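First, one chain by itself in structure tokens, the form deposited in one PDB entry.
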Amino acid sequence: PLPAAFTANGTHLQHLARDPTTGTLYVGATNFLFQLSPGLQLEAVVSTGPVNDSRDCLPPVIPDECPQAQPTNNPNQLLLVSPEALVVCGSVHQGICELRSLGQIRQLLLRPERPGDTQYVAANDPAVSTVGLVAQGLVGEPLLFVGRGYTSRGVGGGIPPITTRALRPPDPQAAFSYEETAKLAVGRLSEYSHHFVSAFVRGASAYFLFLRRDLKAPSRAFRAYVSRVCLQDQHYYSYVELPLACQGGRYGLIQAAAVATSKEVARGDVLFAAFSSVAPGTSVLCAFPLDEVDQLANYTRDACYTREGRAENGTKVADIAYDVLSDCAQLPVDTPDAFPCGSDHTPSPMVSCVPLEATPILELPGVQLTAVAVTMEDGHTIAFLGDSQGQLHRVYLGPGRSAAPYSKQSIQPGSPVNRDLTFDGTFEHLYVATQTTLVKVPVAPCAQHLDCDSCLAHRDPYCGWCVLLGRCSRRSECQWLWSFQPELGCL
């Protein structure tokens, strides 16, 4: 018996990224970037700050051009592994990015010399979240999709909330820039007040989860949305939004989400979403099949393309999103078939008026969830949930029982659990991080139990009593008496 933890003298930890080829862990922290072995041993360290800067000055920062400059810490805002480089964006210097070598983070691969206002990527405020994903273009070139919340106490026009950026363009000094129409055009960024939670790729599209204010409906309310855009759509013709809600609309603020990840299926097709009454009580976990998402998004496209965004009964079901001056249309019925990602003749920025609704698979009184990870052990579905008090809940979900919170432990008192809950390559451990601590938790703490009566007293879907060997163990190491719903008894 033995554990494994990583700390940086109280320095905060912002993001965590795992290299699927080598298992190497990259950790973004305030003024640091760390490279760790799968057992959390330090392989290399890069300093990223502090720097004399101001959210009003532009990079390069000439000390004589910025008289309001002060020593500013650099919390990490984006940390993504791409096929042939590591993508790192900080909070300083208007959120500029750089590429570093995988396995050699001290080797700088690309940092443009004079970035323009088209290359200010991440949020330059450590209190505002940036999300991102890496994908492929039509000829295999690497692309970077970014979701960035509102900050404006900086320069230029507000960076669009969602953008598509080139990682290997012809001119390397143009890296991280976006084409003029490859973005989401939104007017009052301050008022919609985007707060991004997650981003993921499914099929040939990119998806974003975020909160923003619904300004057209009454009450000026924060709502949860999922977005979808074709990966190859360079004009965002294909953009569409859907509101998400749970328990009949009682829960509409999403806090974190995840798909199921396991040895069997790497990325599942159901989105498990945590809801809580927190804005920028009881928490709930709800399930959104990604098929249902695409179904409603497809119905929204057809209705705004061909029936003026109205349903057969004449009811408004879709509309043009945000403050874009445009309109739904009466295009031919076969327009979605001919142009699934849109054209310059089709209504763009679309939003569905009809929400996608789910039922709660689990309720947690007095808990505020902040992170979600889901996996499968022999057909059973297990969720690992972090909360705002530093605890890690383990829950059995399907097929039976469902309301089965079977374990709970404290990682760091009063310190929220980070959304970047990551599993190792063999899904035997969960990397869990709070504000100042990173821990490698075992998913199956079975060998702790010595006798059958002990192995069965502490019920755990991973664990069960073998009789061939004297071990309480996982199922896939043996006849096996399950600890959760035992098939027999004891002696």
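Under this definition, the rigid core comprises the largest set of C-alpha atoms superposing within 1.5 Å between the forms. Residues that one form lacks are left out of the comparison. Numbering starts at 1 and follows the sequence shown.
What comes next is about the form deposited in another entry, which is not displayed.
Asker: After aligning the rigid core, which of 111, 188, 168, 401 is the one whose Cα travels 2 Å or more between this form and the one not shown?
Answerer: So the residue whose C-alpha moves 2 Å or more is 401.
Asker: Spell out whether the Cα of residue 250 moves at least 2 Å between this form and the one not shown when the two forms are superposed on their rigid core.
Answerer: Yes, shifts by 2 Å or more.
Asker: Hey, quick one: aligning on the core, which runs of at least three residues have all their CA atoms off by 2 angstroms or more between this form and the one not shown?
Answerer: Listed in sequence order, the moving runs between this form and the one not shown are 217-219, 248-252, 401-403.
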